[PDB]
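Notes to accompany the following structure.
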Amino acid sequence: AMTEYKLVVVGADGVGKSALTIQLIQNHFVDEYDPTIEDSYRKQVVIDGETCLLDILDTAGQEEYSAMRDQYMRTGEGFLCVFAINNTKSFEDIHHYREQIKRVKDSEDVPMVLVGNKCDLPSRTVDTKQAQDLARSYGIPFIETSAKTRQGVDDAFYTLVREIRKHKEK
Ligand SMILES: C#Cc1c(F)ccc2cc(O)cc(-c3ncc4c(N5CCC[C@@](C)(O)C5)nc(OC[C@@]56CCCN5CC(=C(F)F)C6)nc4c3F)c12
Ligand SMILES: Nc1nc2c(ncn2[C@@H]2O[C@H](COP(=O)(O)OP(=O)(O)O)[C@@H](O)[C@H]2O)c(=O)[nH]1
Ligand SMILES: [Mg+2]
């Protein structure tokens with residue numbers, strides 16, 4: 001049987017969560033994917049010769065807390081925490097997303113990757129030092145992505161899978 005990995009993509013509206021997920025699954029860049037659609041997508045990919053079936057939750061919608069949303073997020077094995085390099089507020093928000101993951105996982109050691117998306121854009125307000133300092137504080141990898149050019153997309157998802165394996169057997 002394939003090995004299943006439950007991945008969850010989190011961050012502010014507009015950072016590129018859907019664009020990154022669609023690049024991974026469909027190998028194209030979507031300009032305008034409905035900002036309100038939250039769904040789980042499946043990708044079969046071989047990583048270090050293991051056939052993986054990724055279950056990727058592309059988050060969306062309102063800021064709502066419930067036992068049922070808590071429990072859904074608790075089943076996540078690994079999280080991509082995405083901000084956009086031209087969105088200071090999305091970066092500032094990362095501490096909150098990590099706090100919510102740590103709360104439902106009741107752990108400081110949750111497989112996570114910090115993803116700085118939209119690296120193709122010229123209007124950079126979050127410098128790489130800010131990103132690297134935050135990831136080092138959390139003890140997690142940082143990787144710059146462009147969903148537009150596809151730079152870093154495979155790297156972000158494969159690295160998260162490897163972080164999950166390092167944490168737990170699969
Ligand atoms: C996301 C998320 C999330 C986790 F990563 C882990 C466990 C969670 C448990 C929960 O019950 C709920 C969530 C969750 N759901 C939605 C969430 C959501 N919305 C609106 C912005 C776009 C969206 C896709 O992130 C959905 N937004 C926020 O925080 C939004 C901010 C901005 C305005 C004030 N909020 C707090 C904040 C800071 F910086 F203090 C960021 N968190 C969510 C959340 F924790 C969990
Ligand atoms: N230039 C550029 N635009 C992007 C990138 N990723 C997403 N976008 C655009 O930013 C907007 C929001 O992306 P979306 O994936 O809908 O964000 P989400 O709200 O986090 O799902 C869309 O117009 C995307 O085309 C990227 O890496 N570079
Ligand atoms: Mg989206």
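Just remember, in the structure tokens the first chain shown is A, the second B, etc., residues are 1-based per chain, and ligands are 1-based in the order shown.
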Write out as a ChimeraX atom specification all residues of chain A that backbone DSSP assigns to strand (DSSP E). /A:3-10,39-47,50-58,78-84,112-117,142-144
Write as number ranges by chain the residues around ligand 3, taking 10 Å as the cut-off and counting only C-alpha atoms and all ligand atoms. A: 9-22, 32-39, 58-61
Output C-alpha atoms of each residue in that selection to a file, as a tab-separated table (two decimals), in the first residue's frame.
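Dumped to result.tsv:
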chain	number	residue	atom	x	y	z
A	9	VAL	CA	-1.55	24.51	4.32
A	10	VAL	CA	-2.22	27.57	6.57
A	11	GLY	CA	-1.73	31.34	6.37
A	12	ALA	CA	-3.52	34.63	5.67
A	13	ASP	CA	-5.93	35.04	2.73
A	14	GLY	CA	-4.06	35.76	-0.53
A	15	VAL	CA	-0.55	34.44	0.37
A	16	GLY	CA	-0.87	31.71	-2.33
A	17	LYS	CA	-2.05	28.55	-0.42
A	18	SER	CA	-4.38	27.46	-3.31
A	19	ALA	CA	-1.81	28.47	-6.00
A	20	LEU	CA	0.91	26.38	-4.27
A	21	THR	CA	-1.42	23.38	-3.83
A	22	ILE	CA	-2.64	23.60	-7.47
A	32	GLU	CA	-7.82	33.72	-9.36
A	33	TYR	CA	-8.86	30.49	-7.47
A	34	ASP	CA	-12.01	31.21	-5.38
A	35	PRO	CA	-10.61	32.58	-2.06
A	36	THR	CA	-13.46	30.96	-0.04
A	37	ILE	CA	-12.94	27.28	-1.16
A	38	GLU	CA	-11.33	25.05	1.52
A	39	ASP	CA	-10.84	21.43	0.35
A	58	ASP	CA	-5.87	23.92	1.43
A	59	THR	CA	-7.44	26.08	4.21
A	60	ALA	CA	-9.87	28.98	3.53
A	61	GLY	CA	-12.82	30.84	5.04
Would you name the residues within 7 Å of ligand 1, counting only C-alpha atoms and all ligand atoms, and put them as number ranges by chain? A: 10-13, 59-67, 69-70, 73, 92-98, 100-101, 104
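Every protein or nucleic acid residue with an atom no more than 6 Å from segment 49-52 of chain A, counting only C-alpha atoms and leaving out same-chain residues fewer than 2 positions away, appears here: residues 2, 3, 4, 44, 45, 46 and 47 of chain A.
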Would you export the selected residues with N, CA, C and O atoms as a PDB file, in the first residue's frame, please?
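Below is the file out_20.pdb, written as the result:
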ATOM      1  N   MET A   2       0.360   2.339  -0.534  1.00  0.00           N
ATOM      2  CA  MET A   2       1.003   3.669  -0.495  1.00  0.00           C
ATOM      3  C   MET A   2       1.044   4.100   0.968  1.00  0.00           C
ATOM      4  O   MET A   2       0.203   3.635   1.749  1.00  0.00           O
ATOM      5  N   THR A   3       1.935   5.015   1.307  1.00  0.00           N
ATOM      6  CA  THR A   3       1.968   5.630   2.650  1.00  0.00           C
ATOM      7  C   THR A   3       1.232   6.952   2.568  1.00  0.00           C
ATOM      8  O   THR A   3       1.604   7.759   1.714  1.00  0.00           O
ATOM      9  N   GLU A   4       0.293   7.174   3.467  1.00  0.00           N
ATOM     10  CA  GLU A   4      -0.525   8.407   3.456  1.00  0.00           C
ATOM     11  C   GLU A   4       0.157   9.440   4.359  1.00  0.00           C
ATOM     12  O   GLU A   4       0.656   9.048   5.386  1.00  0.00           O
ATOM     13  N   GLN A  44      -0.307  11.542  -5.580  1.00  0.00           N
ATOM     14  CA  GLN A  44       0.505  10.325  -5.481  1.00  0.00           C
ATOM     15  C   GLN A  44       1.862  10.777  -5.989  1.00  0.00           C
ATOM     16  O   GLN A  44       1.898  11.373  -7.092  1.00  0.00           O
ATOM     17  N   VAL A  45       2.895  10.612  -5.173  1.00  0.00           N
ATOM     18  CA  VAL A  45       4.244  11.108  -5.528  1.00  0.00           C
ATOM     19  C   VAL A  45       5.246  10.152  -4.906  1.00  0.00           C
ATOM     20  O   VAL A  45       4.994   9.691  -3.784  1.00  0.00           O
ATOM     21  N   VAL A  46       6.315   9.833  -5.629  1.00  0.00           N
ATOM     22  CA  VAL A  46       7.354   8.952  -5.040  1.00  0.00           C
ATOM     23  C   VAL A  46       8.420   9.840  -4.394  1.00  0.00           C
ATOM     24  O   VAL A  46       8.968  10.724  -5.075  1.00  0.00           O
ATOM     25  N   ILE A  47       8.661   9.661  -3.103  1.00  0.00           N
ATOM     26  CA  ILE A  47       9.668  10.503  -2.367  1.00  0.00           C
ATOM     27  C   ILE A  47      10.651   9.527  -1.693  1.00  0.00           C
ATOM     28  O   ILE A  47      10.209   8.710  -0.868  1.00  0.00           O
TER      29      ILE A  47
END
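Using only C-alpha atoms, the nearest neighbour of residue 123 of chain A within the list A:149, A:137, A:88, A:71 is A:88.
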Name all residues at most 9 Å from residue 23 of chain A (count only C-alpha atoms; drop same-chain ones fewer than 6 positions away) and give them as an MDAnalysis selection string. chainID A and resid 29:30 147:148 150 153:154
Output file for the selection above: N, CA, C and O atoms, as an mmCIF file, in the first residue's frame:
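As a result, again25.cif now contains:
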data_model
loop_
_atom_site.group_PDB
_atom_site.id
_atom_site.type_symbol
_atom_site.label_atom_id
_atom_site.label_comp_id
_atom_site.auth_asym_id
_atom_site.auth_seq_id
_atom_site.Cartn_x
_atom_site.Cartn_y
_atom_site.Cartn_z
ATOM 1 N N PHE A 29 -0.260 27.457 -12.848
ATOM 2 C CA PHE A 29 -0.440 28.620 -11.968
ATOM 3 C C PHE A 29 -1.853 29.122 -12.190
ATOM 4 O O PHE A 29 -2.200 29.479 -13.344
ATOM 5 N N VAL A 30 -2.645 29.141 -11.142
ATOM 6 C CA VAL A 30 -4.003 29.751 -11.179
ATOM 7 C C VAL A 30 -3.919 31.187 -10.652
ATOM 8 O O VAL A 30 -3.455 31.367 -9.501
ATOM 9 N N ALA A 147 4.661 30.191 -6.515
ATOM 10 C CA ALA A 147 3.635 29.385 -7.232
ATOM 11 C C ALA A 147 3.593 29.813 -8.705
ATOM 12 O O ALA A 147 3.133 29.014 -9.538
ATOM 13 N N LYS A 148 3.983 31.052 -9.008
ATOM 14 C CA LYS A 148 3.904 31.552 -10.397
ATOM 15 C C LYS A 148 4.949 30.828 -11.248
ATOM 16 O O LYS A 148 4.561 30.333 -12.319
ATOM 17 N N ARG A 150 6.903 28.250 -10.092
ATOM 18 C CA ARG A 150 6.954 26.886 -9.500
ATOM 19 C C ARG A 150 8.263 26.703 -8.727
ATOM 20 O O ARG A 150 8.455 25.636 -8.175
ATOM 21 N N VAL A 153 8.336 24.809 -5.009
ATOM 22 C CA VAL A 153 7.049 24.146 -4.673
ATOM 23 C C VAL A 153 7.295 22.693 -4.279
ATOM 24 O O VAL A 153 6.815 22.262 -3.218
ATOM 25 N N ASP A 154 7.945 21.914 -5.133
ATOM 26 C CA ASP A 154 8.259 20.512 -4.770
ATOM 27 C C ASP A 154 9.080 20.485 -3.491
ATOM 28 O O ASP A 154 8.827 19.646 -2.637
#
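Using only C-alpha atoms and all ligand atoms, the nearest neighbour of ligand 2 within the list A:143, A:131, A:84, A:57 is A:84.
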Distance criterion (only C-alpha atoms and all ligand atoms): nearest to ligand 2 out of A:28, A:118, A:103, A:89: A:118
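Distances from A:40, A:159, A:90, A:117 to ligand 2 were compared using only C-alpha atoms and all ligand atoms, and the smallest one belongs to A:117.
Atom CA of residue 156 of chain A is positioned 17.6 Å from atom 19 (O, counted along the ligand's line) of ligand 2.
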Restricting the calculation to only C-alpha atoms and all ligand atoms, which member of A:160, A:80, A:140, A:134 is positioned closest to ligand 2? A:80
Secondary structure check, helix (DSSP H, G or I) residues of chain A, as a count of residues only: 62
Residue 127 of chain A environment, 12 Å, only C-alpha atoms, sequence neighbours closer than 6 positions dropped, as number ranges by chain: A: 83-88, 91, 116, 119, 133-134, 144
Shell around residue 6 of chain A at 8 Å using only C-alpha atoms, local window under 4 positions removed, as a PyMOL selection string: chain A and resi 54-57+75-78
Can you write just those residues out, C-alpha atoms, as a PDB file, in the first residue's frame?
ATOM      1  CA  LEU A  54      -0.560  13.136   0.209  1.00  0.00           C
ATOM      2  CA  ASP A  55      -3.837  14.442   1.609  1.00  0.00           C
ATOM      3  CA  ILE A  56      -3.457  18.240   1.391  1.00  0.00           C
ATOM      4  CA  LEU A  57      -5.918  20.510   3.203  1.00  0.00           C
ATOM      5  CA  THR A  75      -5.117  14.921  12.492  1.00  0.00           C
ATOM      6  CA  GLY A  76      -2.737  17.031  10.355  1.00  0.00           C
ATOM      7  CA  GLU A  77       0.717  15.338  10.450  1.00  0.00           C
ATOM      8  CA  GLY A  78       2.556  18.371   8.962  1.00  0.00           C
TER       9      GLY A  78
END
Restricting to only C-alpha atoms and all ligand atoms, whichever of A:53, A:8, A:121, A:68 is closest to ligand 2 is A:121
Find the residues around residue 48 of chain A up to 12 Å (only C-alpha atoms counted), leave out those fewer than 6 positions away in its own chain, and share them as a PDB file with N, CA and C atoms, in the first residue's frame.
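Resulting contents of result11.pdb:
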ATOM      1  N   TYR A 158       8.056  18.225  -0.305  1.00  0.00           N
ATOM      2  CA  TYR A 158       8.918  17.041  -0.059  1.00  0.00           C
ATOM      3  C   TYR A 158       9.583  17.233   1.302  1.00  0.00           C
ATOM      4  N   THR A 159      10.062  18.447   1.588  1.00  0.00           N
ATOM      5  CA  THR A 159      10.706  18.751   2.873  1.00  0.00           C
ATOM      6  C   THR A 159       9.698  18.501   4.013  1.00  0.00           C
ATOM      7  N   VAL A 161       7.144  16.379   4.070  1.00  0.00           N
ATOM      8  CA  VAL A 161       7.045  14.892   4.164  1.00  0.00           C
ATOM      9  C   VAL A 161       8.243  14.377   4.953  1.00  0.00           C
ATOM     10  N   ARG A 162       9.475  14.811   4.603  1.00  0.00           N
ATOM     11  CA  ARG A 162      10.692  14.364   5.325  1.00  0.00           C
ATOM     12  C   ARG A 162      10.653  14.775   6.792  1.00  0.00           C
ATOM     13  N   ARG A 165       8.389  12.273   8.625  1.00  0.00           N
ATOM     14  CA  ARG A 165       9.127  10.997   8.824  1.00  0.00           C
ATOM     15  C   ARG A 165      10.131  11.131   9.966  1.00  0.00           C
TER      16      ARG A 165
END
Pairwise distance, atom 14 (P, counted along the ligand's line) of ligand 2 with atom CA of residue 155 of chain A, equals 18.8 Å
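Rounded to one decimal, atom CA of residue 107 of chain A and atom CA of residue 164 of chain A lie 13.9 Å from each other.
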